[PDB]
Structures are given as C-alpha cells and as structure tokens.
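This document starts with one chain, in the form deposited in one PDB entry, laid out as structure tokens.
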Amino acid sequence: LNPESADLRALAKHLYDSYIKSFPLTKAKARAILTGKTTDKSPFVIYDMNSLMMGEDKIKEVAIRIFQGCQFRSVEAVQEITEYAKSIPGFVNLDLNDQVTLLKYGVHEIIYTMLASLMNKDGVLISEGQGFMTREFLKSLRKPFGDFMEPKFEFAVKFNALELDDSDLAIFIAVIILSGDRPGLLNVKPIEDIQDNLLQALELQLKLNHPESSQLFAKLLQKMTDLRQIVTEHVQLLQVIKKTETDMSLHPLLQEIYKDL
C-alpha cells in the first residue's frame, strides 16, 4: 500500500525464492516429516547402538563417527549459506575481504538457526530427513561428545516457539549475514545500509505474516543473543576435543572459520 512497502515486499519475495533454491531441506518439509504428514516419508529412528547399526545399513568409535558426520553436514551447510549470501542484494558488491569476514562469523549463527528447523524436544532429523536421532541418544554419548548437542536443543525449543516459517527465516538469516559489527570489517557503512533494508523487510514480513504476534520482530532480534552464546560454547568444546583427540582431523573449510573467532 506504499511505494517503499512494495519494495520491501519484493525484497522479501526475492530472498524467499533464493532461500528455496539454496536450501534443499526447508522447515516446511522438516515439519511434514516430524509431524507424520502424508506429503513425506517417515524417518528411521536412531535411539540406541543397535538402531544406529541398523540405520547405517538402511541409510573410529560411535561418538567420533557421529561427530564427523555432523562436521560433514556443517561443511555442506556452509556451501549452501555461501550460495544464499551471494543472492542478497548488495552482498557481492562489497569488498571481497568483508564478504569473507561476514561469512566467517555468520555461518555458525545461521547453521544453529536452521538446525532448529530440523529439531523438536525429542531429537533431530539427519540424512536429509531420512533419519531421526533422539536427543537422549546424543546425550548418552561419551564425554565430551554427549554435551555437544544438548545446548542446541535448548536453543531450538525456545526458538521454535516463535513459530517462524521459511519466508520469515529467509530474511532473518540475511540480517545475520549483513552484521556490521564483525571483527576486522574494512567498510562497515555499506553493510549497515543493506542490513537496514533487510531489517525493514523483516519487520514488515513479521507484521503481515504474524498479525496477532505482538513485538515478534523484537523477540526474534533478542534471539541473536542466544545464538552468540551457543557459538562461543561450541568453539570451547572443539578446543577440548583438539587436545584430547590428536588423531581427529577437522575440515579445512571449518578450520578457517574457527581460526581467530
């Protein structure tokens, strides 16, 4: 109903379109799988060691093998997030060093945001929705691996209570990427100008898509604080594993992201 609000609607639709093309497992598909809907197939459930071995047939010790699988999927997600970032208007026109800095510090916050879409209080979807690993099984793994996912479930349960959908999440993750407060940025003003447009589009999106949810925009921005805490704790646990497991190797792409965080 306004020239400016029409541009914000166009930006919201552009990003939702790019989000669908970049991320193969959407929140809508994940919910259809988690709530037994007829549009998708039921997953094989891994709740103990026997189901894990039968799951490896259907779909290093156990804990390290699961940890390696998570880091493989995180590498895949970095690739998907990088592809999505390039579709955000203005992102590819930024200084190349700043594009790398924004992704270095942004990918982990986005991974945990999108991981919540695959989670409920009972567990997490794996193998592109083919499987489901229980929260209790992950918590039963030998230390320090049994503590890696628990804080992610705590965040996911709170974040999922906002009931965001894919069109909401597309603009939210773009806002996370264009954060002008990352360490080492050379040209902050161009980044903040883009983030302002994205925040304007996110605000209008949440008002139209959730007309009964008061201050959902503020509640969602307050979750960006929960995401930082999760990222910091995750890095601390990786340092513990680095010294305890001299045999374990971390992917080069993930190695560069963690350096000097």
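So that there is no doubt, residue numbering starts at 1 and follows the sequence shown. Only residues modelled in both forms are compared. Heads up, when I say rigid core I mean the largest set of C-alphas that superpose within 1.5 Å between the two forms.
Across the other entries compared, at least a third leave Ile59 without coordinates even though the residues on each side are present. The stretch of deposited sequence separating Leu208 from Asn209 contains no residues lacking coordinates in this entry. The stretch 208-216 shows the higher mean C-alpha B-factor when 208-216 is compared against 25-33 in the entry. Judged by mean Cα B factor in the deposited record, 135-143 ranks above the other of 159-167 and 135-143. Taking only the listed residues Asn197, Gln236, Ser42, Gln222, the entry reports the highest CA temperature factor at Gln236. Among the modelled residues of its chain, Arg9 has a C-alpha B-factor that falls in the middle third, as given in the PDB entry. For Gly129, the recorded CA B-factor ranks within the middle third of the chain. Only modelled residues enter the ranking.
Among the modelled residues of its chain, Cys70 has a C-alpha B-factor that falls in the highest third, as given in the PDB entry. Per the PDB record, residue ranking by Cα B-factor puts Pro190 in the middle third of the chain. For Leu227, the recorded CA temperature factor ranks within the middle third of the chain's modelled residues.
Keep in mind the form deposited in another entry is missing from the figure; the text below concerns it.
Only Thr39, out of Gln215, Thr39, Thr225, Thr35, shows a C-alpha shift of 2 Å or more between the shown form and the other one on alignment of the rigid core. Once you line up the core between the shown form and the other one, the Cα of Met248 ends up 2 Å or more from where it was. Shifted regions between the shown form and the other one (core-superposed; runs of 3+ residues, all CA displacements of 2 Å or more, residues common to both forms): 39-41, 245-250, 256-258.
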